[PDB]
Amino acid sequence: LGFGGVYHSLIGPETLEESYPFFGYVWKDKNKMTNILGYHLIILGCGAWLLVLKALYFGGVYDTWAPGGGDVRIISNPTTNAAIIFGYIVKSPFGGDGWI
Amino acid sequence: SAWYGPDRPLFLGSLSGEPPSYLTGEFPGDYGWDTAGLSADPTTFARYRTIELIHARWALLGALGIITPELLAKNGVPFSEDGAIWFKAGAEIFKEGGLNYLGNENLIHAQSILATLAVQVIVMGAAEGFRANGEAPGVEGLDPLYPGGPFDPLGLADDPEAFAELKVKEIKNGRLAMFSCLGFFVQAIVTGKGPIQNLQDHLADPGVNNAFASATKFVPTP
Amino acid sequence: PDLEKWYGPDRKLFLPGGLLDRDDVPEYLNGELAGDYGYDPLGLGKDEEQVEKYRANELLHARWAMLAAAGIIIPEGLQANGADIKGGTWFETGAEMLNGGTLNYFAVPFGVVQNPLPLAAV
Amino acid sequence: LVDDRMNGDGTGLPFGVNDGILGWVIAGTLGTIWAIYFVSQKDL
Amino acid sequence: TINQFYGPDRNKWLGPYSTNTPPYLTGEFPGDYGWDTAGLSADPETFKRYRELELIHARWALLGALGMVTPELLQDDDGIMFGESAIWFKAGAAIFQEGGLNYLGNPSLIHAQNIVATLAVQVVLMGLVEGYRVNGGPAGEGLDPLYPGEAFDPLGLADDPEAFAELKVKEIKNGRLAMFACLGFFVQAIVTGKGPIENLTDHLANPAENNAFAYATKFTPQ
Amino acid sequence: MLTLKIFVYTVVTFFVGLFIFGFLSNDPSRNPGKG
Amino acid sequence: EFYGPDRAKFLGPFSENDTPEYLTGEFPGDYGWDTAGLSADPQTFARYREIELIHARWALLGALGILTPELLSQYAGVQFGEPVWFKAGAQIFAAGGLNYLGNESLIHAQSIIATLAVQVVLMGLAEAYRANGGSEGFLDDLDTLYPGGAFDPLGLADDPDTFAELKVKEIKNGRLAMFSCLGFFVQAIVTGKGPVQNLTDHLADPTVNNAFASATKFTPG
Ligand code: CHL
Ligand code: CHL
Ligand code: CLA
Ligand code: CLA
Ligand code: CLA
Ligand SMILES: CC1=C[C@H](O)CC(C)(C)[C@H]1/C=C/C(C)=C/C=C/C(C)=C/C=C/C=C(C)/C=C/C=C(C)/C=C/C1=C(C)C[C@H](O)CC1(C)C
Ligand SMILES: CC1=C[C@H](O)CC(C)(C)[C@H]1/C=C/C(C)=C/C=C/C(C)=C/C=C/C=C(C)/C=C/C=C(C)/C=C/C1=C(C)C[C@H](O)CC1(C)C
Ligand SMILES: CC1=C[C@H](O)CC(C)(C)[C@H]1/C=C/C(C)=C/C=C/C(C)=C/C=C/C=C(C)/C=C/C=C(C)/C=C/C1=C(C)C[C@H](O)CC1(C)C
């Protein structure tokens, strides 16, 4: 990564849209900003689903609440329901519940 | 968004191909969805257009009348369990309490479905007959599909382009409401529960509480 | 459509423009054959006529390996999933028919056919 | 019990809603301001 | 010859007893026997649309009618291959058992357990190909919407005009045969709830008391 | 006693709605500059 | 009256203003109620008007044939195998057979397959002759919708003014019989009783026994 960074800072193209329309942007090309957001959000969804793959299919991650003092537990039947997930995100941030 | 003219949106997007020659885009709700061509003759086109619009209005009315009572029933209004779910509401008139609007004893309280339907026939026959003429006592002769006037006290039909886009809004909302109403008749036939209760049970576990859970109910037996 | 991305003087290379100059490609690759990426570091390309000679070997080789890849991935998957293929794994398939052994064809969707053909005649 | 209390403190109430009338009036106020803003949008 | 079915004296829906032939049905297109007693094909472009959806209906009914009995044909004596799901009108429940959706009794074939996912893939893919059918794409765009024949006809066959005429009326008759047979399939599913081949065996055992008259009491409103 | 809660929740959503649609409502053009 | 622009219509005064331009009251039973617009062409006018007339006659015979056995069983003291109109199909499956006036001398049929075969062949010949409008000179003429000769031995096909008046009478009776037979059909489903018994039970208590007393018979649960 550092080699690529120093390369694009020094000998990399000084301006991007004259050779790579896919990589060049003026800061009013709102459609291509939304495209960049789409790419990054797809990456973040991939990372979250990677944690899904670890929790359900790779047999990892420690649960502190297993009997006897916790255990590394492969999570079966995770609770994905919108009621609990959204009630977890829209509640008060104080000691009564805690928001997040 | 250019809802008229040749550049109108179509019923399949870019894959729609050529819209029919007899539908060039003068009327609201235009997308070229004319696979069977029921509307070849312009008079037949006009009759179907009026039928579509009247059904759009009736579907919008039915949509609120089918969502609101069960929402109030689950939100503290003391409806009976019989009349909270819409397809059984007509059975509430057969009870000793009569038809209690919003669960109130001294509200409506009707027990004679015969006289209720009789006054219903008289009132709605008069209304639809006045609709059919285009002339009513106190109402002059004008467009029968779009009266306005006494039916538009707010005065939102005065300006042309906003009136046209509001026509588009009306026909598209009517089409959405008639999807909803046909869906409600489908859950009424299949599920036997209210549509809001169906969505409520669908939110508990969307994996199994969907349309696939009722695929084996109507299967015949030898 | 869009032949300029693969054909022509300016094409995709095995290295981008910032690391590979457009003059470092040798002369006999000027963008007229399929897969022209300018990747000839050693002395095997020599000239365009020898390139055309090795093109037949390369294309038949690619097609043969493509058949090999498909016929490797499919029968072993069928064996691991439950199909009666009797030797789906690719590098033991010859060891089945030596003494009196046979093979079975799973031709979808109506496979499971017992082959009585001997190895010598095959 | 010696007094009538709301008894909603905690329990994971979304937005602190314990009765439906409060959520309905929240949605009603926001929808009222939204309708005013939408009908009076585009300045004129 | 060709004139036996495309002449003005062609085969009709009554043979020589179709004196009052409709004027617009002259025998140009495949079929055109004149069976339009309802007169719903009076308009020309509408008659074109009805003909196109007729051939589409016919072809997909040919697939359906042929595929009705093939799993029941491959059903064995006891049913290790398929259990209760060998019957046509019980095939969908092949997704909900403990094993999955096996094509021909084995886990190596299909073996799916997400009916919702296969529903989504089916909808996206074949809605896209319907868009290709009505607009065009990789196969062809400006061809005949009903009769393209460019990438879908690789075995020669479609090159001779009298062959076109003959095996196009062969299309329309085979399609109508499957169409009528499919009606038989649905209604025998309703009135009896028993499979077609097993009903056929029960009838060929004793045709006398085994008929639809044996199920005429089933729909009696007691 | 929940009546106080309903009243204050209503007025809080009213003020917050004023804030939200006020900044949704083409706020950056409320400037004397050439922009 | 019933003809010309001053004819009767399907809404009375409510239909005085808006009528289709293609419905002038030339044909019998024209009140001009084509508000769906399914009939714009003269070809389908001809074909589907013929459909309407044949349905009118057939519903009239259905109405006269449904109420006759029940009206002969009740208030007339005549016994049959089964007097109910939609239960008369199953009565053939008993040992008694197909009985005309309660006596085994008449008909006494027990072969449903043979009698259905003779019905279908006779009906096919008669209907092909109807659609032909005659063949080979034998009745190969005439109206094909209003025959008259070879079907009117009473000689009432003359005097076209009163002939058209009775023609309108015919189409009105046919529509009313379509109502009557449709009512028999759906009353067979929502109640499962004979129409004559329904009329007799309704007269004793019209407030209790109505359609609404059986309005919850098809609710889903
Ligand atoms: C033309 C299409 C089509 C038809 C006719 C059927 C029919 C049937 N599916 Mg089915 N399916 C169809 C498509 C599809 N299904 C499924 C997935 C399933 C599942 C998961 C299950 C079924 C099951 C059933 C049966 C339910 C029992 C019953 O009495 O149902 C109603 C049927 C009748 C009363 C018989 C008369 C049918 C006739 C009216 C249909 C013809 C006109 C229709 C209105 C179709 C119009 C076109 C469009 C809307 C499909 C039934 C015979 C169930 C089963 O097999 O249980 C044992 C089951 O579990 N289907 C998918 C998703 C892949 C489909 C996709 O296209
Ligand atoms: C939920 C669990 C689930 C499981 C465990 C499986 C398991 C399986 N599915 Mg799947 N499926 C599942 C869900 C679903 N499937 C499908 C739809 C399908 C299809 C359509 C097919 C499968 C097939 C398979 C099998 C693939 C393995 C294989 O043959 O590998 C070895 C093979 C490969 C690694 C690749 C082989 C590709 C094949 C197209 C090769 C063709 C070669 C030709 C030269 C093509 C030439 C064509 C033209 C260009 C000339 C396997 C047993 C396949 C099957 O049953 O095969 C018998 C199959 O065809 N599934 C859907 C709908 C989206 C599912 C939804 O949940
Ligand atoms: C959201 C659906 C919708 C929309 C967008 C329109 C739009 C329009 N209608 Mg219309 N209408 C509708 C539903 C709708 N209608 C329904 C359901 C009925 C049956 C009662 C009618 C019956 C009707 C008649 C008889 C006429 C119109 C007319 C018009 C046009 C001018 C009137 C106007 O602009 O007022 C403004 C429209 C709106 C602000 C949108 C409606 C949103 C309201 C506030 C929701 C009401 C729901 C509320 C809970 C009350 C329940 C309904 C109750 C009154 C029964 C216009 C384009 C007139 C016309 O044809 O033009 C010449 C006219 O003659 N409509
Ligand atoms: C939905 C299927 C369907 C459709 C769209 C058509 C459409 C058409 N047919 Mg066709 N037909 C069909 C099924 C169908 N047919 C079947 C199954 C048969 C075998 C019995 C025939 C036999 C047939 C003949 C012999 C002829 C036609 C002809 C025609 C064309 C003009 C007639 C017409 O417009 O009638 C209108 C059709 C419709 C409005 C749609 C039909 C759907 C109806 C309304 C619902 C079901 C009807 C009925 C209840 C079925 C149950 C009874 C069953 C036992 C038969 C037209 C394009 C004529 C032609 O010129 O050939 C090109 C011709 O002479 N058809
Ligand atoms: C199957 C029976 C049948 C048939 C073939 C016809 C045919 C015809 N009628 Mg008619 N009609 C009928 C029943 C029938 N009618 C009944 C029962 C009534 C009393 C409600 C009427 C009352 C009536 C009036 C007042 C007029 C006609 C007229 C006409 C002619 C105009 C063309 C047309 O209507 O467009 C096409 C029609 C259709 C495509 C109908 C399709 C049928 C579907 C399945 C709808 C079913 C509705 C449902 C059963 C309603 C419940 C019944 C309820 C009313 C009790 C036409 C030849 C006009 C005329 O000038 O007479 C010559 C006219 O003025 N009819
Ligand atoms: C266009 C086209 C063209 C192509 O080419 C072809 C085709 C396909 C033919 C097409 C299509 C068509 C269609 C889809 C149609 C549909 C429509 C609808 C859905 C309607 C509804 C519509 C709907 C509607 C009205 C509805 C209504 C409703 C109602 C009244 C309700 C009422 C009620 C209520 C309130 C409640 C209570 O408790 C009960 C009651 C009293 C009962
Ligand atoms: C005329 C006028 C004029 C003057 O001047 C003014 C005024 C007054 C304004 C006027 C009036 C108007 C009106 C009447 C209006 C109305 C409207 C409406 C009703 C709408 C709705 C509208 C409505 C609608 C769309 C509806 C929709 C619905 C829906 C989607 C549903 C869905 C669903 C379903 C399916 C099922 C499930 O289980 C559930 C859910 C999921 C939920
Ligand atoms: C022409 C005319 C003229 C005169 O005048 C009048 C009138 C009467 C109108 C007429 C006639 C008409 C008609 C006949 C109609 C018919 C129709 C039909 C046949 C339908 C069905 C139709 C039907 C159909 C398509 C069907 C189809 C089927 C299918 C797809 C199936 C599928 C499948 C399979 C494979 C197997 C699996 O396990 C299941 C499923 C997946 C499901």
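Structure shown above.
Now for a description of the structure that goes with this document.

Let's shift gears to the overall build of chain G. Across its full length, chain G carries 4 helices and 0 strands. Shown N-terminal to C-terminal, the secondary structure of chain G runs as helices and strands in the order α-α-α-α. Each of the three principal axes of chain G carries a C-alpha extent, and together these read 55 × 55 × 35 Å. Scored against the burial criterion, the 221 residues of chain G give a buried share of 24%. Look at the contacts in chain G between residues 6 or more apart in sequence, and 44% of them connect residues 24 or more apart. When the accessible area of chain G is evaluated, it comes to approximately 14,500 Å², of which 63% is carbon and sulfur surface. Of the side-chain charges in chain G, 13 are positive and 27 negative, and the distance between the mean point of each set is 7 Å.

Looking now at the overall build of chain B. Looking only at helices and strands, chain B has 5 helices and 0 strands in total. Moving toward the C terminus, one meets the helices and strands of chain B in the order α-α-α-α-α. Its C-alpha atoms give chain B a radius of gyration of 22 Å, clearly above 17 Å, the size a compact globule of 222 residues would have. The dimensions of chain B, computed from C-alpha atoms along their principal axes, are 55 × 55 × 40 Å. Counting every position in chain B, which comprises 222 residues, the buried fraction comes to 24%. Within chain B, counting contacts between residues at least 6 apart in sequence, those at least 24 apart form 44% of the total. Accessible area of chain B: about 13,800 Å², with a carbon and sulfur share of 65%. Charge centroids of chain B, computed over 14 positive and 25 negative side chains, lie 6 Å from each other.

Moving on to the side chain of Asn106(E). Residues and elements named next belong to chain E. Examined against the element boundaries, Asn 106 turns out to sit in the loop between β1 (101-102) and β2 (110-112). At a separation of 2.9 Å, a polar atom in the side chain of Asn 106 contacts the side chain of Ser 108. A distance of 3.4 Å separates a polar side-chain atom of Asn 106 from the backbone nitrogen of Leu 109.

This part covers the side chain of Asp82(B). Residues and elements named next belong to chain B. By the element assignment, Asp 82 lies in helix α2 (residues 81-84). Residue classification places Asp 82 among the buried residues on the basis of a relative accessible area of 15%. Apart from residues lying up to four places away in sequence, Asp 82 is in contact with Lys 88, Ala 89, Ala 91, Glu 92 and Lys 95.

In this assembly, 7 residues from chain E lie in contact with 8 residues from chain C. Buried surface at the junction of chain E and chain C, summed over both partners, amounts to about 520 Å²; 75% is from carbon and sulfur atoms. Counting across the interface, chain E meets chain C through 0 salt bridges. Viewed at the interface, chain C and chain E are joined by 0 residue pairs in polar contact. Residues belonging to the side of chain E that touches chain C are distributed by class as follows: 5 nonpolar, 2 polar and no charged.

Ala215(B), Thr216(B), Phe218(B), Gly92(E) and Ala93(E) are the nearest of the 17 residues found near ligand 1. This site is not confined to one chain, since residues near ligand 1 come from chains B and E. With respect to ligand 1, the backbone of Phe218(B) contributes an N or O atom lying 2.9 Å from an oxygen atom. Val219(B) is positioned such that a nitrogen or oxygen atom in its backbone is 3.5 Å from an oxygen atom of ligand 1. At the level of secondary structure, the elements contributing two or more residues to the shell around ligand 1 comprise α4 (115-134) and α5 (161-191) of chain E. Of the residues forming the shell around ligand 1, the biggest block, 3 residues, is contributed by α4(E).

So, on to the packing of helix α2 (residues 44-67) of chain E against α5(E). Residue and element names in this part refer to chain E. Interhelical geometry of α2 versus α5 gives an angle of 60° and a closest axis separation of 8 Å. The angle between the axes of α2 and α5 places the two elements in the oblique class. At the point where α2 passes α5, the crossing takes the left-handed sense. Every residue of α5 that contacts α2 at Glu 54, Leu 55, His 57, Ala 58, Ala 61, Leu 62, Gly 64 and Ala 65 is listed here: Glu 171, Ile 172, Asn 174, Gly 175, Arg 176, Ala 178, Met 179, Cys 182 and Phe 185. The residue makeup of the contact of α2 with α5, split by class, is 10 nonpolar, 4 polar and 3 charged.

Right, let's talk about the site of ligand 3 for a bit. Residues and elements named next belong to chain B. Among the 13 residues in the neighbourhood of ligand 3, the closest are listed as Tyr 146, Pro 147, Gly 148, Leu 156 and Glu 170. In this structure, an oxygen atom belonging to ligand 3 sits 3.4 Å away from a main-chain N or O atom of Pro 147. Between ligand 3 and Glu 170, the relevant distance is 3.4 Å, taken from a nitrogen atom to a side-chain nitrogen or oxygen of the residue. Here the element with the most residues in the shell around ligand 3 is helix α4 (residues 160-190); it accounts for 4 residues. Class assignment of the residues belonging to the shell around ligand 3 gives a composition of 8 nonpolar, 1 polar and 4 charged.

The subject of this paragraph is the nonpolar core. Core analysis: the largest hydrophobic core is formed by 8 residues, namely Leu78(C), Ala83(C), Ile85(C), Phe106(C), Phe82(E), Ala86(E), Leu104(E) and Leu109(E). When residues no more than four places from it in sequence are discounted, the contact partners of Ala83(C) are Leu78(C), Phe106(C) and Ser108(E).

For the rest of this paragraph, the subject is the interface of chain E and chain B. Listed per partner, the contact involves 22 residues of chain E and 18 residues of chain B. Note on chain E versus chain B: buried area summed over both sides is about 1,500 Å², and carbon and sulfur give 67% of it. Inspection of the region where chain E meets chain B yields 0 salt bridges. For the pair chain E and chain B, the number of links is 2 residue pairs in polar contact. Elements supplying a minimum of two residues to the side of chain E that touches chain B: α2, α4 and α5 of chain E.

Our next topic: the arrangement of the chains. For chain B and chain F, which are not in contact, the least C-alpha distance works out to 16 Å. The smallest C-alpha distance separating chain C from chain G is 43 Å, and no contact links them.

The rules behind the values
Residues numbered from 1 in each chain as written, not as in the entry; some residues may be left out. Chains lettered and ligands numbered in written order. Part of a larger assembly, values for the part shown. Heavy atoms only, no water. Helix = DSSP H or I, 4+ residues; strand = E, 2+ residues; numbered from the N terminus. Buried < 20%, exposed > 50% of the residue type's maximum accessible area, 1.4 Å probe, protein only. Contact = heavy atoms within 4.5 Å. Areas by Shrake-Rupley, 256 points an atom, 1.4 Å probe, with all protein chains shown as cover. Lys, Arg positive; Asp, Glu negative; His and termini not counted. Charge placed at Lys NZ, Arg CZ, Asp CG, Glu CD. Rg over C-alpha atoms; globule rule 2.2 N^0.38 Å. Polar contact = N/O pair within 3.5 Å; in protein donor to acceptor, adjacent residues only side chain to side chain. Buried area = accessible area lost by both parts, 1.4 Å probe. Salt bridge = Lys/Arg side-chain N within 4 Å of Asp/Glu carboxyl O. Nonpolar A, V, L, I, M, F, W, Y, C, P; charged D, E, K, R; others polar. Near = heavy atom within 4 Å. Axes fitted to C-alpha atoms, helices over the stretch in contact; angles between N-to-C directions. Parallel < 35°, antiparallel > 145°, perpendicular 65-115°, else oblique. Left-handed = near helix turned anticlockwise from the far one by under 90°. Core = buried A, V, L, I, M, F, W, Y, C linked by side-chain atoms within 4.5 Å.

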